[PDB]
Amino acid sequence: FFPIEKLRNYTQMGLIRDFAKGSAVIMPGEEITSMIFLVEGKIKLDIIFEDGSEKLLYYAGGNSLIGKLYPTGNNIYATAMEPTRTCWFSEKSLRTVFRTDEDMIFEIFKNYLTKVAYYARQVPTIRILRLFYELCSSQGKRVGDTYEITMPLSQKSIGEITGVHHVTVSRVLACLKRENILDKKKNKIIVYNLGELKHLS
Amino acid sequence: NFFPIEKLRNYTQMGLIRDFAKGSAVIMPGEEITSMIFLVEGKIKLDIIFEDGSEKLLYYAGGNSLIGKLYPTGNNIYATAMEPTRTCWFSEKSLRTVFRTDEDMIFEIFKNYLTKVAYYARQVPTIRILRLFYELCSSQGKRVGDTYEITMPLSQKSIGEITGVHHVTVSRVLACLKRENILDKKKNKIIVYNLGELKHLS
């Protein structure tokens, strides 16, 4: 949640909006321009990617801060998971705060910073040729200077298995190919240069 | 996306200018940073270290990026100026100056910062592993009674690479199958003790 309690002393500078259990909290592109400090309760922020798709992002426990003070590249769609109470902070209430006490400036920074740390700490190609070498070096059965693996394993499945976005499972499988490194010809995997796999892996 | 915050160029005087010839550690490893660093010319690779001396690259930073931090963060940072680079350092006591001189910046950063979380979160799951085995099984599995038996190495680590998966999970996940009863990975042997429920969960 990365709660920022300190701020509950400060909600009276806010717009308190209570929401029922399911009622959409940020719309999928209702335009949102304020920090939504979440005081009792819980919220599910998913992103709607621009295809139409769905995909979780992160929950918001009590005390957490969600929202934003800007248009910020993405469509959020967040549901109240349980009858939840929230205090909205416009920039101008937000201002009003900092004037009433600096420390909170930092307070949010901290909270943001942390959040950066966090997600950025977590954050392809090799995860691929790792999967392949794995297979080649177990299932590998020599055919002259290449090695054959008698298994379908289709683009979709490398994606799934590698947690890798298709355009990449393509480009790279394309590139493994173009290199006399690897054919996944329909049924069977033919590895032309194993030393070069191991090494890129 | 060196999420530059050009506005900050206007207040470097409230800051601390620290210059950094190429190759030079802008962030030593486990040296403690309590200042926003503001990149006023140049280019840094930030790396991290996992608590297991592992290294991998955190971001770049470019003309007008803000890296650095005002607090502890339980991350292990190693920045080096690729190019010769002018920085400028924001202690709190100093940003605390800037925000009085100029209360607007408080939002120009909050934006700034608020935005990378977008970014990152947007980029950013047990699924895979199973799935990894699942294909691995359906293709290689040699059914020994109710079990399906492949002969491979699968170093806990390789899985964590293959699958963009944190070691705790890989670990805490071979934990949850070998238990559950699904899968045992015991040395040079896969031994799936339930393909049906294996694909239910995938």
# chains A, B, ... in the order shown; residues from 1 in each chain; ligands from 1
$ residues_around --residues "residue 94 (chain B)" --least-positions-apart "4" --cutoff "9 Å" --atoms "only C-alpha atoms" --output "ChimeraX atom specification"
/B:14-16,35,89-90,98-99
$ write_last_selection --atoms "C-alpha atoms" --output "PDB file, in the first residue's frame"
ATOM      1  CA  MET B  14      20.231  26.797  -4.339  1.00  0.00           C
ATOM      2  CA  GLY B  15      22.052  23.487  -4.981  1.00  0.00           C
ATOM      3  CA  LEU B  16      25.511  22.112  -4.794  1.00  0.00           C
ATOM      4  CA  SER B  35      20.057  14.646  -2.017  1.00  0.00           C
ATOM      5  CA  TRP B  89      22.717  18.224  -5.454  1.00  0.00           C
ATOM      6  CA  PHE B  90      19.447  18.796  -3.550  1.00  0.00           C
ATOM      7  CA  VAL B  98      13.697  26.210  -3.387  1.00  0.00           C
ATOM      8  CA  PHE B  99      10.090  25.495  -2.454  1.00  0.00           C
TER       9      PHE B  99
END
$ interface_residues --of "chain B" --to "chain A" --cutoff "6 Å" --atoms "only C-alpha atoms" --output "ChimeraX atom specification"
/B:117,120,128,131-132,139,152,161-163
$ atom_distance --atom1 "CA of residue 2 (chain A)" --atom2 "CA of residue 26 (chain A)"
19.0 Å
$ atom_distance --atom1 "CA of residue 64 (chain B)" --atom2 "CA of residue 65 (chain A)"
27.1 Å
$ residues_around --residues "residue 79 (chain A)" --least-positions-apart "3" --cutoff "9 Å" --atoms "only C-alpha atoms" --output "list in words"
residues 21, 22, 23, 24, 25, 26, 27, 42, 43, 44, 45, 46 and 82 of chain A
$ residues_around --residues "residue 24 (chain B)" --least-positions-apart "4" --cutoff "9 Å" --atoms "only C-alpha atoms" --output "PDB file with N, CA and C atoms, in the first residue's frame"
ATOM      1  N   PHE B  20      31.924  15.491 -12.471  1.00  0.00           N
ATOM      2  CA  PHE B  20      32.144  14.056 -12.410  1.00  0.00           C
ATOM      3  C   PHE B  20      32.755  13.510 -13.669  1.00  0.00           C
ATOM      4  N   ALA B  79      26.066   4.582  -9.521  1.00  0.00           N
ATOM      5  CA  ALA B  79      26.015   5.299 -10.760  1.00  0.00           C
ATOM      6  C   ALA B  79      27.388   5.719 -11.141  1.00  0.00           C
ATOM      7  N   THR B  80      27.662   5.655 -12.445  1.00  0.00           N
ATOM      8  CA  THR B  80      28.881   6.197 -13.018  1.00  0.00           C
ATOM      9  C   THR B  80      28.555   7.087 -14.215  1.00  0.00           C
ATOM     10  N   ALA B  81      29.155   8.291 -14.259  1.00  0.00           N
ATOM     11  CA  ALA B  81      29.045   9.184 -15.431  1.00  0.00           C
ATOM     12  C   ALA B  81      29.663   8.487 -16.586  1.00  0.00           C
ATOM     13  N   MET B  82      28.837   8.118 -17.564  1.00  0.00           N
ATOM     14  CA  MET B  82      29.314   7.606 -18.852  1.00  0.00           C
ATOM     15  C   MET B  82      30.065   8.729 -19.465  1.00  0.00           C
ATOM     16  N   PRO B  84      31.090  12.981 -19.283  1.00  0.00           N
ATOM     17  CA  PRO B  84      31.468  13.972 -18.277  1.00  0.00           C
ATOM     18  C   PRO B  84      30.202  14.718 -18.132  1.00  0.00           C
TER      19      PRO B  84
END
